[PDB]
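The structure appears right after this line, and notes come after that.
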Amino acid sequence: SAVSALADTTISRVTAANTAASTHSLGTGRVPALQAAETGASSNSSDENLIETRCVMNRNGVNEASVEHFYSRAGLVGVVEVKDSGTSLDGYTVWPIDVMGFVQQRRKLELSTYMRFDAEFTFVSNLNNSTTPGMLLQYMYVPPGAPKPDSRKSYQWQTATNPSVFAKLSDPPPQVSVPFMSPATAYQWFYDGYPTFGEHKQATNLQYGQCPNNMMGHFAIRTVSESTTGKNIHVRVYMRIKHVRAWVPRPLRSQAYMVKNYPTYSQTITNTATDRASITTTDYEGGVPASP
Amino acid sequence: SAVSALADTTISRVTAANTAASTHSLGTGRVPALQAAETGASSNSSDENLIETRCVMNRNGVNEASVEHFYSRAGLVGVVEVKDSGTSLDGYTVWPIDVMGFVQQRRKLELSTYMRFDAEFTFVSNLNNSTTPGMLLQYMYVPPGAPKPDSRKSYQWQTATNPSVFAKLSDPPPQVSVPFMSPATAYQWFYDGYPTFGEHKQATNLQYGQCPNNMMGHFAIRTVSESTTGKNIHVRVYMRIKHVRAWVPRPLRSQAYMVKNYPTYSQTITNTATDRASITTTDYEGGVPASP
Amino acid sequence: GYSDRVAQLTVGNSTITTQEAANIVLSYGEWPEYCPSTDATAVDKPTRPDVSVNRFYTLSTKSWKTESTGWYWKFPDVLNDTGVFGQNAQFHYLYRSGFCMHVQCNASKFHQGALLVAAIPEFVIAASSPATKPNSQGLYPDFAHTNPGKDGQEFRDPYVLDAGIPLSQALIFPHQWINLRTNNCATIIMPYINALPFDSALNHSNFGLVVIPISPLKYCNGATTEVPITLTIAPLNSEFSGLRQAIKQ
Amino acid sequence: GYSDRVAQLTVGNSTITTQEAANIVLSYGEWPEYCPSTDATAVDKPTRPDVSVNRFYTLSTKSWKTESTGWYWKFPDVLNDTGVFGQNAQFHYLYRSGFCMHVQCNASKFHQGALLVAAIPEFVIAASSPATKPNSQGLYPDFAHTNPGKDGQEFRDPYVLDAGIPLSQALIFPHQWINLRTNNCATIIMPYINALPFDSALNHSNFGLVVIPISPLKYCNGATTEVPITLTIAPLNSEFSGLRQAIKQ
Amino acid sequence: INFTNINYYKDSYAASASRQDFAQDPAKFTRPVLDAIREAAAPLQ
Amino acid sequence: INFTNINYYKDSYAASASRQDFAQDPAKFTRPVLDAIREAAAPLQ
Amino acid sequence: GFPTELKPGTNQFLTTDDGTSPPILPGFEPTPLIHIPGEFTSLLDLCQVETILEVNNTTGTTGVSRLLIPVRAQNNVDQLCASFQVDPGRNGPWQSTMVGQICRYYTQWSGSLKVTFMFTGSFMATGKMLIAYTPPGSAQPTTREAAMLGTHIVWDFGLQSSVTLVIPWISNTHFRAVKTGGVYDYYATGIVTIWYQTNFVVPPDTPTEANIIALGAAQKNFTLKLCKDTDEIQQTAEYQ
Amino acid sequence: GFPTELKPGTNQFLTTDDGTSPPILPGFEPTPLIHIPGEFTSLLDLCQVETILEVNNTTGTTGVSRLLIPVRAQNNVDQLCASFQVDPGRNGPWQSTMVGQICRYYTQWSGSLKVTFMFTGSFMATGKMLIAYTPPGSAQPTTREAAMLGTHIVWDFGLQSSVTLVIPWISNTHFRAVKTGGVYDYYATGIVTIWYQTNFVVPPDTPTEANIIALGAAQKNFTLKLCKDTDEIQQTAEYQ
Amino acid sequence: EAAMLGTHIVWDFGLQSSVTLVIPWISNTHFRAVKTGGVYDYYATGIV
Ligand SMILES: CCCCCCCCCCCCCCCCCC(=O)O
Ligand SMILES: CCCCCCCCCCCCCCCCCC(=O)O
C-alpha cells in the first residue's frame, strides 16, 4: 500500500565526493596540473594528481546546498501600512505585489535569471506598539485586471470571485499557498527588452526591463470597519518559495540597490573585495617560527 | 507492517543483578576478599563470597540511570532581558549562546568530557509582573559569522536565511529542536589548550581553555515594534538534551563556580565532606541495647 | 583526448578558419534546436529560411587600445538590419534562434593582453545615477545603450558590467578568453534561452555579448598599434512566425 | 588467573624492567591505534616514524618529600622539545598518538607512603582567585602552569586537583597507586582521546599526568632521605600531518 | 515511522516543498566545451 | 496499544529522545587492566 | 476539519516531556561521528568505580589529610580505629565518592555497597583489623565484642595490601531514600567500625603510625530511582 | 470530536517550516513547463565554476586593475610576487568569487579549494613561479625557502598558459566556519604565496611587465552547511 | 638524559641478582678491526 510511500520520506543523505589514495608520479606527457583557462572550462585537476593523498571515505552531507533548501525559507517581501489615522483615514491600502523591495529576498532571487515556483505567503499584522487586538482584517488578492477598491466600503470587497482571507489580528498569522501564476513558463527577474513596440525615445525610458509576465496584480488589505478606527496597522508579507526551478545562474549583486524594478548603482562604485595595505600582506599572525 | 514497530516502543525493563545463594567455605588458596587496589582496578568481590547469601531474584529496574534519562530534562541555561525602558531603550538583545551560566545544568554537563547531542530549546518569556500580554517577539538565531543586529529595525531581522521564530507572549512557549551543530565530533566542556598559536605571555591569559568548537553564535531577540514600548521582557531559555553520547566521565565539581567559561575556585577551599567531631563519632542513636 | 588548435566553422555560404583556437564553448551543453511541437504555442506554421539567414555575419570591428574598457552587443538587436535575417525579423512578429558567436583578435607574439568574451543571457543594462532620488531621467539608460545596434556600445564601468554585478563572476556565464599569447579567437555556440518558445526579435534581446579587456593591451615601440577586434556571429536554427507588414522598431 | 609482579616494557630501542609491579592499566580498555580511514579528515598522507619517536623518554625526576603536594605534566607538551618526537611535533601541524606512561618510585621496606598516578584527559588547570570580581589577571593561570614543559608543575591545592574537582574522585580516571610496601612503579597505556582525529601538539594537551602523594612519605632516622620519582613515557602509534616550517610554540 | 509529505488539499501546489530530488550535474557550467579534454593531457596540443 | 516514537518532520534530529538502547558495560572503568584477575585469586602473586 | 477536543494539560510546558519539536535547520547533516575511547552509557557503571572515602572528615583536618584513616601501634587491646555511616546520600565520608555524588542526583537507591581498605604502612608493619558493619537498629558499637556480632571481616596485612568489606543489602524496603535524618532514619543503612583485632606491630627503626585509605563504591546489584536535582552546589547569581 | 491536546509551539510562525497551506485558486493549472537550457539544481555546481580572484585588492587600485597580479622581470632572485589567504568567507580576494559569495550564505564549509593561474604576458616571455600553500599555524612565509616546505607547485610558462594549485582540505575539523577573525582564526585555512622560481625573462623589444589572473573555485568534494543570511549588501529603506 | 637515548636497560635489584645488557652489533662494516686508536677509531664500538 502507501505505507511504503510514507516510510521513504525522510531526507536521504548523499555524501560529498571521496578522496582516493595516490602516490608520486615521475614521468613525461602526463600533466594534470597544466590547464588552458582560455577554453572557458574550469580546471579538471584533482587532489589525487597534484599531491599524495590518503583514502578518505567522505561522509559530509551535501543536501543542504540544493536550490530548494536554499530558497524554501520565508523572507520579508513587503511591508503594507493600512493607514486609518491622522491625515489618511483610508482604512484600506492596495499594495502592488513585487518581491524586489527588500535586499535579502531580492539578492537571493537574482542569483538566477528565470524561476518557476509556488509560494506560501504569510501575513504578520500588528499595531505600532506590536499589540494585536481583535480587529477583523480582509486581505483580498486582486489579479491583474480585476477592479481595485477605492474605499473601505466599495463593492469590490464582496469578493464573489477574488480570493479573500478574513482574520483578526489576534489570530495566528494567515498563511496561503499561491501557485505559479504567470503567462510565461517562468518568472523572469531580468528582462533585457521593452514591453511594447515604439521608438523608445522617451526622456526617462522607464519602461526598459519591465516584463509584464512578472506583474501579478495587487494585494488589497482593509479593516472590516464601519468608520475610521484611528489605528494604523502594519502588514508584513513573507514569501516562502517551494517547488523551485531555477535557470541560468548569474553573478550575485555587488553594488547596493537603489530602486525596486531596475538595476541602478551609484556612481561611487564600491569594490567587491575590501582593500588591504599591499598585495603581499595578510593579517594572520600564526605561531612563533621554530628557527627563523 | 510498521504496527510491530509501534508496539515495541514501551520502555522495556531490565532488572538489576540477582543474588545467588551461597554457603560457608573453609579452605586455603581461595581469597576473594583480598584485593590489590594499587592495580587501579575496582574490587571484583561479590556478596556471595564474603557472607552466606540467599537467592534473590532481583526485579528492581535500572533503566532510569541511563545517560539519556539523566540528561533529557529541560533545565535553565540562559536568562535574557529585552530591555525597552528606562535608560536602555533597545527593544532587542543579542545573547551569546553558552550553557555554562547556571549551576544545575552546568554541573550535570561537566560530568563528562565530550558530549554529542541534539537539543530542544524552549523560550519562556513574560513581563516583570509575570503577565504575558500579546506582544509579538522575534527570536532569531545568529550563527557564528552571520551579521548581528544593532537595533530593533536593522536589516538583519529580515531573516531571509537565519532561522527565526515569531511568537506572542500570550502563546505557549516556543519550542524548537536544534541539531548537533559543531565542527568537531562532540562538544568539549573541557579544552586543555589554546585556540590560537603564539607566546601566550599575556598578563591575563583569558584565551586558555576556550575551544571555538563550542561557541555556536548568538540568539537575537527583539519585540517587533515601531518604537519603544516601555516594558522589559525576560526570556528564560530551557535546553533539553536528546540523542546523547557522553565520553570520559569526570569527577563532579565540588567547589563553587565563579565565572562562566573557566574553572576558577575561591582560595577558601570548602571540604567535600562536612566536618564531624572526631573520626569515631556518628549521629545515629539507634535503639536501646538489650544487655549492655 | 585534447583539443586541436586549428578549426573551421562552416554554416550557410560562409566559412571561418582559425589556426590558434582554444576550443568551442557549447553554452550549457545544449545545441541550438528548433521549437518542439510539445513546447510550441503559436499555431501558425513557422518559416525556416535555412541557409539564407543561418550564416556568418561579420558585423563590427573595434580597435583595441591600451585604455579600452570593452564593448557589448545584444544578439537579436545586432542583426535586425542586415541581410535576409534582418528582413525576416522585421516582417515576422515571433522569432527564435541560437547563434555561434565568433570574436577574432590577432596580434604578434610580441603583444600581450587578454579579453573576456562572454555571452550573457538577459543582459539588462543598468544606469549609474549620481545619487539622485527623484526618479530623474538619469535613472534609466537610453535606447542607444540598451540596443546598441551593430556598432555596439563601449562599457562605462566594465568592473560592474554596467549592471551592478561584479565582473569577476561573469565567468559563471558561457565565456572564453582571448589570450594573445595563446589564441586569437573565441567561439561560443549559444542555444535559444528564453522563458517563451518564440519572442519578438525587436523588443526583447535574448543575449548580451560582451568583450572586456581584463589584462590591458601592451606592446613596445615598433609593433603594430592598431589591433582590431572583429565580431562575427551566425544564427542557428532560426524560425519566424506571425507574418505581417515589416516593422522597423 | 593473577598478575605477575615482574614486567618488561619494550618499545623502540628502549626497555624498562620492573620487579615489583602491580599491573598495567589499559585506559578504557582500548589500545592505541592509528587513525582509521573512516575517521580521518585531512587528506595529506601522514608520516609514521615508527621506532624513532615511539620509544621511552625519561623526562623528569622529582624528589618526594614528607610535605610534598604532588606534580602534574601535560602529555604532548612534555615531549615537544625532546628527540625526534619533538621535531615532528614542531614541523607538523597535525598530530595524534597514544602513550604508555611509566612512573618509577622505589624505597626500602622501611619507608611508607602511597602515590596516586592518574592520567586525566583534558586536564584544564584552574586558577584560585582571592574572591576578586573584576576579571583580574589572577582569574586565569599563566602559561607556565598550563604547559609546564618537561619539568612539570607542582600542585598548589592537590585536594581539588587545582581544578575545583575533588581529588577523592580522581579514581574515575585511568589511575594506579604506588604503594611503597607493595609496588615501585605505575604503568598506564592511554589511547589517543580527542574529539578530533588529529590535533596540534603545541596548542592542545590531550592528557594531564598527575602524581599526588595521598599517604605522605614517612621513615625513621637513618634511612635514605632522597626518594625520587621518575616519569618515563613513550608515544604509541604517533602520526603527523601537515608539514611546514618548524614552529616552536 | 515518518508521517509527512502528505497533501491535505485537492490542488497539488498546496503540498510542502519537494526535498527528495537532489541532483548534481556541474558539467554544464564547468566543462561547456565541445572537445572533451582529458585531465592528464595538455589541453591545447 | 502504544502510539509513540513517531517523527513528524523530515529531519531525524527532530525525533524524541532515544530511550530504548540501555547498555551497561562497566568493565572499561572498573577493570581497565591487562592481566585479568580472577576474583578468588590473590591479585599480586 | 477533523473534530477534536482539547484536554487538560494543553499549552503546558513540562520540562521532562519527551516530545517532538520542529527543526530549525532543514537538511542539516551533523559532523560524522568518529570513535572516541571511554564512552559510558549508564551512571550505574560510574557508581561501581571505587573512589576515596573522606573518613577523616574531622574539624581541623585539612586537604589530602582528610582521606586517611590513621592507624598506629596501640598500648591497649581491642581499640576503636575509626567509624562512619554507610548512608551514601548522607552528609559525611560518602560525599567525596562518585557513588555518593551520583546518589544525590536520585531519590532512592538499592543494592549492596562496597568498601575497599588499602593499608599504606611499611612493608615490615603487620597487623590485623576487624571491620564490622552493624545493621540498623543499633547505635555505633561501644566495644569490639558488640561489633563482631554483625557482618564483619578480619583483615590481615600482607602482600595483598587491600581488603574488601561488602555492605550487604540488608533492608526492609526494596529501596532506601537518599535523604536521611529525622523520620528518614527509617532508611538508615548502619555503621561501619574498624577495630584492632590484634595490635599494629613493627620492628625497630620503622614508623609506628600509618594510614588506611578507604575506597567506597557500589556492587553489581546497585540501582537508583526517581532522578532529582542535587543539593551539592548552590548559586546566587548568573556566572556572567 | 477527537480528543486532542495542543503542545508548545502552537500558533508560532517558523519561517523555515515546510508545511502545507490552503490554496487560493482551486483547480488552477499553471502554464506548461517548456525546456529552458541552463538549469541548476544545486549551489555546489556553482561553487565549482572558476571565477576571477581579486588578488590586487590594494588601496588605490581601481576597476578591472584589481583583478591582475603584476609580474615583472626581477633584479634579485627569490622575490615575493603576491599573497592572499584562502579563507573563502573572509573579507579579501575571495569576495569576488562565486564560491566566495555562496560561502557567505552558509555557516560552515568543507572540501578542497582550487586556484587556476593564467599568465597573460607575451608569447616570448618565459618564467617559472613557485606557488606555495602554507597550512595553518604559520604566518605568511618570509622567504621562498620557508614557503617551499608546504604544498606547492612549480609553474612553467609555456603554450599551456594556465596551471592549477589545489588547496588540499588540510583541517582538523570536518568543517570550517565561514566566519574568521578573533578566536575564529581556529578555522583559518592558510596562506597562498607566489614566488619567483626563476626570473621573468624576455627578449628585446617586448614588455617586461605582465599580469597573472587568478581564478578560484571549489573541488569535487566541496560542501556547505547551515545556511544563513549573508552580510554582503545592506539596506536602510525599502526600495520604493 | 643523553645516555638514555641509546640502547639501554633499566636494572632492578631483586632476587634475580643479575641482568644482561646486550651490546647489539651496530656497525657499518661487516667486521671491525681489533686494533683501535688513531684512524682506527673508525672501528670504535661505543661506550657503556
Ligand atoms: C489571499 C491573498 C494572497 C496573496 C496572493 C499573492 C500572489 C503573488 C504572486 C506570486 C509572486 C511571485 C511573482 C513576483 C514577481 C514580481 C517581481 C518583479 O519583477 O518586480
Ligand atoms: C530559533 C532560535 C533557536 C536557538 C538555537 C540554539 C542553538 C544552540 C546551540 C547548541 C547548544 C549547545 C552547545 C553549547 C556549548 C557552549 C558552552 C561553553 O563552552 O560555554
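In what follows, every heavy atom counts, from backbone to side chain, and hydrogens, waters and symmetry copies are set aside. All chains are named by letter (A, B, ...) in the order of the sequence lines, taking the proteins before the strands, and each is independently numbered beginning at 1.
Considering only heavy atoms from C-beta on, E:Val33 stays 4.5 Å or farther from C:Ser3 through its side chain.
Between C:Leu26 atom CG and E:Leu34 atom CG the span is 5.0 Å, to the nearest 0.5 Å. Atom-to-atom distance recorded for C:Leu171:CG and E:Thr30:OG1 is 12.5 Å, nearest 0.5 angstrom. In this structure, the separation between CG on C:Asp4 and CG on E:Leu44 is 9.5 Å, given to the nearest 0.5 Å.
C:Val51 is linked by a side chain to side chain contact (heavy atoms under 4.5 Å, CB included) to nothing, counting only residues two or more places apart in sequence or in another chain. For C:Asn13, the side chain to side chain contact (heavy atoms under 4.5 Å, CB included) partners at least two apart in sequence or on another chain are C:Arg55.
Listed here is the closest heavy atom pair of E:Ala41 and C:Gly1: CB-O, 4.0 Å. Summarising the geometry of E:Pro43 relative to C:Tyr2, their closest heavy-atom pair is O-CB, 3.8 Å, with the distance given to 0.1 Å.
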